[PDB]
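K.L.:
Sharing upload02.tsv, TSV, C-alpha atoms and all ligand atoms:
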```tsv
chain	number	residue	atom	x	y	z
N	7	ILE	CA	122.39	139.94	88.94
N	8	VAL	CA	123.05	140.21	92.77
N	9	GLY	CA	126.49	139.11	93.98
N	10	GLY	CA	127.87	138.26	90.53
N	11	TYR	CA	130.77	139.63	88.45
N	12	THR	CA	131.34	141.81	85.33
N	13	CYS	CA	131.23	139.23	82.53
N	14	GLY	CA	133.61	141.02	80.15
N	15	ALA	CA	132.69	142.37	76.72
N	16	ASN	CA	131.05	139.71	74.55
N	17	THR	CA	132.05	136.72	76.67
N	18	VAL	CA	128.37	135.65	76.80
N	19	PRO	CA	127.77	135.89	72.98
N	20	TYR	CA	124.09	134.62	72.85
N	21	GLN	CA	122.95	137.26	75.37
N	22	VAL	CA	120.47	139.73	73.84
N	23	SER	CA	118.87	142.85	75.33
N	24	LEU	CA	115.21	143.41	74.41
N	25	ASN	CA	114.61	147.09	73.97
N	26	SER	CA	111.45	149.24	73.51
N	27	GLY	CA	113.23	152.62	74.13
N	28	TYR	CA	115.17	151.26	77.09
N	29	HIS	CA	116.34	147.72	78.03
N	30	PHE	CA	113.40	145.94	79.60
N	31	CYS	CA	114.33	142.20	79.35
N	32	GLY	CA	117.07	139.78	78.31
N	33	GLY	CA	116.83	136.72	75.93
N	34	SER	CA	119.06	134.17	74.18
N	35	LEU	CA	119.89	133.85	70.51
N	36	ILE	CA	119.12	130.22	69.38
N	37	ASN	CA	119.75	130.54	65.63
N	38	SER	CA	120.35	133.63	63.42
N	39	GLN	CA	116.66	134.63	63.33
N	40	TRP	CA	115.12	133.56	66.68
N	41	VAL	CA	115.42	134.60	70.32
N	42	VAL	CA	113.87	132.83	73.33
N	43	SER	CA	112.89	134.97	76.37
N	44	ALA	CA	110.24	134.85	79.12
N	45	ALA	CA	106.51	135.21	78.07
N	46	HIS	CA	106.09	137.82	80.85
N	47	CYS	CA	108.55	139.94	78.82
N	48	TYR	CA	105.96	140.24	76.00
N	49	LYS	CA	105.22	143.60	74.60
N	50	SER	CA	104.59	144.95	71.09
N	51	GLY	CA	107.53	146.73	69.43
N	52	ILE	CA	110.56	144.90	70.70
N	53	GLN	CA	113.96	145.77	69.15
N	54	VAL	CA	116.47	143.02	69.69
N	55	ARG	CA	120.02	144.12	70.55
N	56	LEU	CA	122.77	141.68	69.98
N	57	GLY	CA	126.54	142.05	70.54
N	58	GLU	CA	125.97	144.08	73.71
N	59	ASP	CA	128.09	144.88	76.66
N	60	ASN	CA	127.50	148.40	77.94
N	61	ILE	CA	123.78	148.90	76.92
N	62	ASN	CA	124.23	152.73	77.15
N	63	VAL	CA	127.27	153.24	74.79
N	64	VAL	CA	127.68	152.13	71.04
N	65	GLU	CA	131.02	150.24	71.28
N	66	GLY	CA	131.09	148.75	67.77
N	67	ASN	CA	129.84	145.13	68.10
N	68	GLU	CA	126.12	145.79	68.08
N	69	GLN	CA	123.42	144.46	65.76
N	70	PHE	CA	120.02	146.10	66.48
N	71	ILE	CA	117.22	144.27	64.52
N	72	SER	CA	113.44	144.75	64.96
N	73	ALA	CA	111.28	141.80	65.90
N	74	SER	CA	108.87	140.54	63.19
N	75	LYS	CA	106.77	138.22	65.31
N	76	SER	CA	106.51	137.15	68.89
N	77	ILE	CA	104.86	133.87	69.90
N	78	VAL	CA	104.00	133.44	73.60
N	79	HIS	CA	103.65	129.78	74.67
N	80	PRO	CA	100.05	128.52	74.10
N	81	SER	CA	99.65	127.53	77.79
N	82	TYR	CA	101.33	130.52	79.46
N	83	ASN	CA	99.44	131.31	82.65
N	84	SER	CA	100.41	134.79	83.97
N	85	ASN	CA	98.82	134.17	87.38
N	86	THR	CA	100.98	131.07	88.08
N	87	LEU	CA	103.75	131.92	85.55
N	88	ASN	CA	103.56	128.31	84.38
N	89	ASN	CA	105.07	127.98	80.85
N	90	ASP	CA	106.83	131.33	80.98
N	91	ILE	CA	108.56	131.18	77.54
N	92	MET	CA	108.20	133.07	74.26
N	93	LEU	CA	109.89	133.10	70.88
N	94	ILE	CA	110.80	136.23	68.90
N	95	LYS	CA	111.61	136.08	65.22
N	96	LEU	CA	113.95	138.80	63.99
N	97	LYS	CA	113.12	140.83	60.92
N	98	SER	CA	116.43	139.88	59.28
N	99	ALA	CA	119.03	137.25	60.25
N	100	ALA	CA	121.78	138.42	62.56
N	101	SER	CA	125.47	137.92	61.37
N	102	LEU	CA	127.03	135.34	63.61
N	103	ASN	CA	130.71	135.84	64.47
N	104	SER	CA	132.67	135.17	67.79
N	105	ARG	CA	130.95	137.98	69.66
N	106	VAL	CA	127.42	137.22	68.37
N	107	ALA	CA	126.61	133.51	68.38
N	108	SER	CA	123.73	131.12	69.15
N	109	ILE	CA	123.40	128.88	72.22
N	110	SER	CA	122.62	125.19	71.84
N	111	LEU	CA	119.24	123.85	72.95
N	112	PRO	CA	119.45	120.88	75.37
N	113	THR	CA	118.72	117.26	74.41
N	114	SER	CA	118.41	116.15	78.03
N	115	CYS	CA	117.23	117.94	81.17
N	116	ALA	CA	120.00	119.02	83.56
N	117	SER	CA	120.40	117.33	86.92
N	118	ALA	CA	120.53	118.95	90.32
N	119	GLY	CA	124.09	119.84	91.41
N	120	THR	CA	124.87	120.98	87.79
N	121	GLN	CA	126.63	124.43	87.82
N	122	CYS	CA	125.19	127.06	85.47
N	123	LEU	CA	125.95	130.64	84.24
N	124	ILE	CA	123.16	133.16	84.59
N	125	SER	CA	123.82	136.59	82.97
N	126	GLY	CA	122.02	139.99	82.56
N	127	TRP	CA	121.70	143.80	83.02
N	128	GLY	CA	119.27	143.75	86.01
N	129	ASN	CA	119.42	145.14	89.57
N	130	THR	CA	122.52	144.31	91.58
N	131	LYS	CA	121.17	145.02	95.07
N	132	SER	CA	118.83	142.86	97.13
N	133	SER	CA	117.45	145.97	98.94
N	134	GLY	CA	117.56	149.17	96.87
N	135	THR	CA	118.50	149.69	93.23
N	136	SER	CA	121.50	150.08	91.03
N	137	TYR	CA	121.25	148.98	87.47
N	138	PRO	CA	124.56	148.14	85.78
N	139	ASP	CA	125.32	149.35	82.36
N	140	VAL	CA	127.55	146.30	81.58
N	141	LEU	CA	126.71	142.68	81.65
N	142	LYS	CA	126.95	140.80	84.91
N	143	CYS	CA	127.48	137.03	85.34
N	144	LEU	CA	126.67	134.55	88.11
N	145	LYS	CA	127.71	130.90	88.46
N	146	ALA	CA	125.02	128.90	90.41
N	147	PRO	CA	123.93	125.23	90.84
N	148	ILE	CA	120.60	123.71	90.04
N	149	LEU	CA	118.88	122.80	93.32
N	150	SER	CA	117.01	119.54	93.89
N	151	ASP	CA	113.24	119.62	93.26
N	152	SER	CA	112.62	118.76	96.94
N	153	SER	CA	114.63	121.89	98.05
N	154	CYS	CA	112.82	123.98	95.42
N	155	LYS	CA	109.39	122.72	96.45
N	156	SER	CA	110.05	123.15	100.18
N	157	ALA	CA	111.19	126.75	99.41
N	158	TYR	CA	108.10	127.61	97.29
N	159	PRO	CA	105.25	125.35	98.64
N	160	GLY	CA	102.55	124.75	96.07
N	161	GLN	CA	104.15	126.98	93.46
N	162	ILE	CA	106.75	124.95	91.50
N	163	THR	CA	105.25	123.19	88.46
N	164	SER	CA	107.08	120.45	86.51
N	165	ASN	CA	108.19	123.29	84.12
N	166	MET	CA	110.11	125.18	86.81
N	167	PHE	CA	113.45	124.66	88.49
N	168	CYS	CA	115.28	126.52	91.24
N	169	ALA	CA	118.93	127.52	90.90
N	170	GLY	CA	120.91	129.44	93.46
N	171	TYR	CA	121.96	129.56	97.02
N	172	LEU	CA	119.59	128.75	99.85
N	173	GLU	CA	121.76	130.91	102.04
N	174	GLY	CA	121.06	133.81	99.66
N	175	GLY	CA	123.60	136.47	98.75
N	176	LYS	CA	123.66	135.66	94.99
N	177	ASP	CA	120.68	135.66	92.59
N	178	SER	CA	119.09	136.96	89.38
N	179	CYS	CA	116.86	140.05	90.00
N	180	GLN	CA	114.58	142.67	88.29
N	181	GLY	CA	115.93	143.31	84.90
N	182	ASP	CA	117.33	139.85	84.30
N	183	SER	CA	113.97	138.36	83.21
N	184	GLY	CA	114.03	136.36	79.98
N	185	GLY	CA	117.83	135.89	80.06
N	186	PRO	CA	119.86	132.70	79.94
N	187	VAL	CA	120.67	130.00	82.40
N	188	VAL	CA	123.35	128.02	80.53
N	189	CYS	CA	124.62	124.77	82.02
N	190	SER	CA	127.36	122.71	80.36
N	191	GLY	CA	127.10	124.79	77.19
N	192	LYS	CA	123.29	124.15	76.65
N	193	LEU	CA	120.52	126.55	77.39
N	194	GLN	CA	118.64	124.94	80.36
N	195	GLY	CA	116.62	127.84	81.83
N	196	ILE	CA	115.08	131.24	81.50
N	197	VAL	CA	115.10	133.85	84.30
N	198	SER	CA	111.50	133.82	85.47
N	199	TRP	CA	110.65	134.89	89.03
N	200	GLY	CA	111.40	134.55	92.75
N	201	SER	CA	110.51	136.05	96.14
N	202	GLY	CA	112.57	139.25	95.78
N	203	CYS	CA	116.26	138.66	94.91
N	204	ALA	CA	118.97	137.01	97.03
N	205	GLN	CA	116.78	136.38	100.09
N	206	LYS	CA	117.56	133.50	102.34
N	207	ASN	CA	115.70	130.35	101.44
N	208	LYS	CA	114.19	131.90	98.36
N	209	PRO	CA	116.39	131.13	95.29
N	210	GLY	CA	115.40	132.17	91.76
N	211	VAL	CA	112.91	130.05	89.83
N	212	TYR	CA	113.58	129.37	86.18
N	213	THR	CA	111.59	128.10	83.22
N	214	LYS	CA	112.83	124.56	82.48
N	215	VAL	CA	113.79	124.80	78.78
N	216	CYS	CA	114.30	121.03	78.06
N	217	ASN	CA	110.51	120.62	78.45
N	218	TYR	CA	109.93	122.96	75.49
N	219	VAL	CA	112.35	121.61	72.93
N	220	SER	CA	109.72	120.13	70.56
N	221	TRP	CA	107.44	123.23	70.76
N	222	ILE	CA	110.46	125.45	69.90
N	223	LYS	CA	111.61	123.28	66.94
N	224	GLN	CA	108.05	122.93	65.64
N	225	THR	CA	107.33	126.65	65.86
N	226	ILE	CA	110.64	127.64	64.18
N	227	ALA	CA	109.98	125.11	61.39
N	228	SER	CA	106.59	126.60	60.59
N	229	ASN	CA	107.07	130.40	60.88
D	301	LIG	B1	111.96	140.17	85.77
D	301	LIG	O1	113.04	141.07	85.26
D	301	LIG	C1	112.95	142.24	84.39
D	301	LIG	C2	112.22	142.20	83.07
D	301	LIG	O2	110.63	140.64	85.34
D	301	LIG	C3	109.74	141.75	85.58
D	301	LIG	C4	110.06	142.71	86.73
D	301	LIG	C5	112.06	139.61	87.31
D	301	LIG	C6	113.17	138.59	87.50
D	301	LIG	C7	113.27	138.25	88.96
D	301	LIG	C8	114.28	137.17	89.17
D	301	LIG	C9	114.35	136.96	90.66
D	301	LIG	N1	115.21	135.86	90.98
D	301	LIG	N2	110.78	138.92	87.43
D	301	LIG	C10	109.78	139.33	88.23
D	301	LIG	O3	109.86	140.37	88.90
D	301	LIG	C11	108.53	138.44	88.39
D	301	LIG	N3	107.97	138.71	89.68
D	301	LIG	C12	108.42	138.11	90.77
D	301	LIG	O4	109.36	137.28	90.75
D	301	LIG	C13	107.72	138.59	92.04
D	301	LIG	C14	108.51	139.78	92.55
D	301	LIG	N4	107.63	137.55	93.05
D	301	LIG	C15	106.73	137.50	94.03
D	301	LIG	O5	105.86	138.36	94.17
D	301	LIG	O6	106.80	136.44	94.91
D	301	LIG	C16	105.80	135.54	95.39
D	301	LIG	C17	105.18	136.09	96.70
D	301	LIG	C18	106.45	134.17	95.65
D	301	LIG	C19	104.69	135.28	94.36
D	301	LIG	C20	107.27	138.67	87.49
D	301	LIG	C21	107.06	140.06	86.97
D	301	LIG	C22	107.40	137.64	86.42
```
Written as structure tokens, how would this file's structure read?
Ligand SMILES: *[B](O[C][C])(O[C][C])[C]([C][C][C][C][N])[N]C(=O)[C]([N]C(=O)[C]([C])[N]C(=O)OC([C])([C])[C])[C]([C])[C]
P.N.:
Amino acid sequence: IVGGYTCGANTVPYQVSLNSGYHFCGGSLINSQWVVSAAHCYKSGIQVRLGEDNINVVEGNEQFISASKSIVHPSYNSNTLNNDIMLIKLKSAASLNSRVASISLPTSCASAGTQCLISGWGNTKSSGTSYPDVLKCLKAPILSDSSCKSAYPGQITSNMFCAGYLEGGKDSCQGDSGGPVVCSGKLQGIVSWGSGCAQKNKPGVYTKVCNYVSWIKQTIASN
């Protein structure tokens, strides 16, 4: 997260780290057995780590559960990143308490101007690299689809939204992929991609979760 703040231990309780020997992606817990993340985060042998703050120290609130299945969206296109969303089923249900909890799925799409919380363990520098060990948080508005489209000409599909600061300075970055964009208490986006991090006139682009609500409910009901 570039230009954000230390969240505080377990203040973002649906935040998961996806681990295959090291943290490689974030995700959100949507019920005790399923996580949503970005399809570009796919790999075999994911261990899901819940109740995390410092990802390098066991502090006592952690639940590490292996993934049983991963389902990348049927129309995920890696060359355009259209439909960049995946579901991960846990091998056992997580225990939900105040520090480990699920995030609500939206029933409406969020409007531009809505403020959102984006969180994660990715790079905190626009140029150069420092990866935090503790979870960082960023509050950012959803930008209008005209500003988004003028910033990324011929690249925003109807399943993408931009959130951030056109002036730059604050943004999601490498290592935040798959993590939550939560607006008004509902999960509205997934950290997807952008031209670098925190560059002027290049805000982050996010998978628009409200467009996937029926595919998510359907898939959970049948697996
Ligand atoms: B993400 O985070 C860690 C798992 O995923 C893999 C490195 C990161 C999140 C970036 C958020 C930025 N606001 N996602 C990516 O790096 C994705 N790639 C891009 O965004 C690239 C760097 N963008 C790019 O080349 O820009 C254009 C010229 C506009 C195409 C990708 C791996 C999904």
K.L.:
Please find the residues contacting ligand LIG 301 (chain D) at a distance of at most 10 Å between atoms, with only C-alpha atoms and all ligand atoms counted, and report them as a short mmCIF file (atom, residue, chain, number, x, y, z; two decimals) with C-alpha atoms, keeping the file's coordinate frame.
P.N.:
```cif
data_model
loop_
_atom_site.label_atom_id
_atom_site.label_comp_id
_atom_site.auth_asym_id
_atom_site.auth_seq_id
_atom_site.Cartn_x
_atom_site.Cartn_y
_atom_site.Cartn_z
CA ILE N 7 122.39 139.94 88.94
CA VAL N 8 123.05 140.21 92.77
CA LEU N 24 115.21 143.41 74.41
CA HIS N 29 116.34 147.72 78.03
CA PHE N 30 113.40 145.94 79.60
CA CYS N 31 114.33 142.20 79.35
CA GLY N 32 117.07 139.78 78.31
CA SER N 43 112.89 134.97 76.37
CA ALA N 44 110.24 134.85 79.12
CA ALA N 45 106.51 135.21 78.07
CA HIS N 46 106.09 137.82 80.85
CA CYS N 47 108.55 139.94 78.82
CA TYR N 48 105.96 140.24 76.00
CA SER N 84 100.41 134.79 83.97
CA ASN N 85 98.82 134.17 87.38
CA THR N 86 100.98 131.07 88.08
CA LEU N 87 103.75 131.92 85.55
CA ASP N 90 106.83 131.33 80.98
CA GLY N 126 122.02 139.99 82.56
CA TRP N 127 121.70 143.80 83.02
CA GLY N 128 119.27 143.75 86.01
CA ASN N 129 119.42 145.14 89.57
CA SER N 132 118.83 142.86 97.13
CA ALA N 157 111.19 126.75 99.41
CA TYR N 158 108.10 127.61 97.29
CA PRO N 159 105.25 125.35 98.64
CA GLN N 161 104.15 126.98 93.46
CA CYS N 168 115.28 126.52 91.24
CA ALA N 169 118.93 127.52 90.90
CA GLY N 170 120.91 129.44 93.46
CA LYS N 176 123.66 135.66 94.99
CA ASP N 177 120.68 135.66 92.59
CA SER N 178 119.09 136.96 89.38
CA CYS N 179 116.86 140.05 90.00
CA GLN N 180 114.58 142.67 88.29
CA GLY N 181 115.93 143.31 84.90
CA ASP N 182 117.33 139.85 84.30
CA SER N 183 113.97 138.36 83.21
CA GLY N 184 114.03 136.36 79.98
CA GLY N 185 117.83 135.89 80.06
CA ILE N 196 115.08 131.24 81.50
CA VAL N 197 115.10 133.85 84.30
CA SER N 198 111.50 133.82 85.47
CA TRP N 199 110.65 134.89 89.03
CA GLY N 200 111.40 134.55 92.75
CA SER N 201 110.51 136.05 96.14
CA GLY N 202 112.57 139.25 95.78
CA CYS N 203 116.26 138.66 94.91
CA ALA N 204 118.97 137.01 97.03
CA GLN N 205 116.78 136.38 100.09
CA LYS N 208 114.19 131.90 98.36
CA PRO N 209 116.39 131.13 95.29
CA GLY N 210 115.40 132.17 91.76
CA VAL N 211 112.91 130.05 89.83
CA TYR N 212 113.58 129.37 86.18
#
```
K.L.:
Hey, can you check how far CA of residue 97 in chain N sits from CA of residue 79 in chain N?
P.N.:
20.0 Å
K.L.:
Do you know which residues are at most 9 Å from residue 93 in chain N counting all atoms listed in the file, after dropping those on the same chain fewer than 3 positions away, and could you put them as a ChimeraX atom specification?
P.N.:
/N:40-45,75-79,222,225-226
K.L.:
Which of these, N:175, N:186, N:19, N:112, has the shortest distance to residue 130 in chain N once you count all atoms listed in the file?
P.N.:
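Closest to residue 130 in chain N of all the choices is N:175.
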K.L.:
Quick one: distance from CA of residue 52 in chain N to CA of residue 23 in chain N in Å, one decimal?
P.N.:
9.7 Å
K.L.:
Which residue out of N:122, N:163, N:224, N:89 has the minimum interatomic distance to residue 143 in chain N when only C-alpha atoms are used?
P.N.:
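For residue 143 in chain N, the nearest of the given residues is N:122.
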K.L.:
In Å, with one decimal, what is the gap from CA of residue 55 in chain N to CA of residue 22 in chain N?
P.N.:
5.5 Å
K.L.:
Which of these residues is nearest to residue 118 in chain N, using all atoms listed in the file: N:152, N:207, N:50, N:103?
P.N.:
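Looking at the shortest contact to residue 118 in chain N, the residue is N:152.
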K.L.:
Please list as a PyMOL selection string every residue within 12 Å of range 98-102 of chain N, counting all atoms listed in the file and excluding residues in the same chain fewer than 6 positions away.
P.N.:
chain N and resi 19-20+22+35-41+53-57+67-75+108-109
K.L.:
Write the residues you've just listed into a file as a short mmCIF file (atom, residue, chain, number, x, y, z; two decimals), in the frame of the given file, and include C-alpha atoms for each of them.
P.N.:
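Generated file (part-v6.cif):
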```cif
data_model
loop_
_atom_site.label_atom_id
_atom_site.label_comp_id
_atom_site.auth_asym_id
_atom_site.auth_seq_id
_atom_site.Cartn_x
_atom_site.Cartn_y
_atom_site.Cartn_z
CA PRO N 19 127.77 135.89 72.98
CA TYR N 20 124.09 134.62 72.85
CA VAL N 22 120.47 139.73 73.84
CA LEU N 35 119.89 133.85 70.51
CA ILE N 36 119.12 130.22 69.38
CA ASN N 37 119.75 130.54 65.63
CA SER N 38 120.35 133.63 63.42
CA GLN N 39 116.66 134.63 63.33
CA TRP N 40 115.12 133.56 66.68
CA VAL N 41 115.42 134.60 70.32
CA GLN N 53 113.96 145.77 69.15
CA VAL N 54 116.47 143.02 69.69
CA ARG N 55 120.02 144.12 70.55
CA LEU N 56 122.77 141.68 69.98
CA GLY N 57 126.54 142.05 70.54
CA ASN N 67 129.84 145.13 68.10
CA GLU N 68 126.12 145.79 68.08
CA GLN N 69 123.42 144.46 65.76
CA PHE N 70 120.02 146.10 66.48
CA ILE N 71 117.22 144.27 64.52
CA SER N 72 113.44 144.75 64.96
CA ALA N 73 111.28 141.80 65.90
CA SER N 74 108.87 140.54 63.19
CA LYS N 75 106.77 138.22 65.31
CA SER N 108 123.73 131.12 69.15
CA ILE N 109 123.40 128.88 72.22
#
```
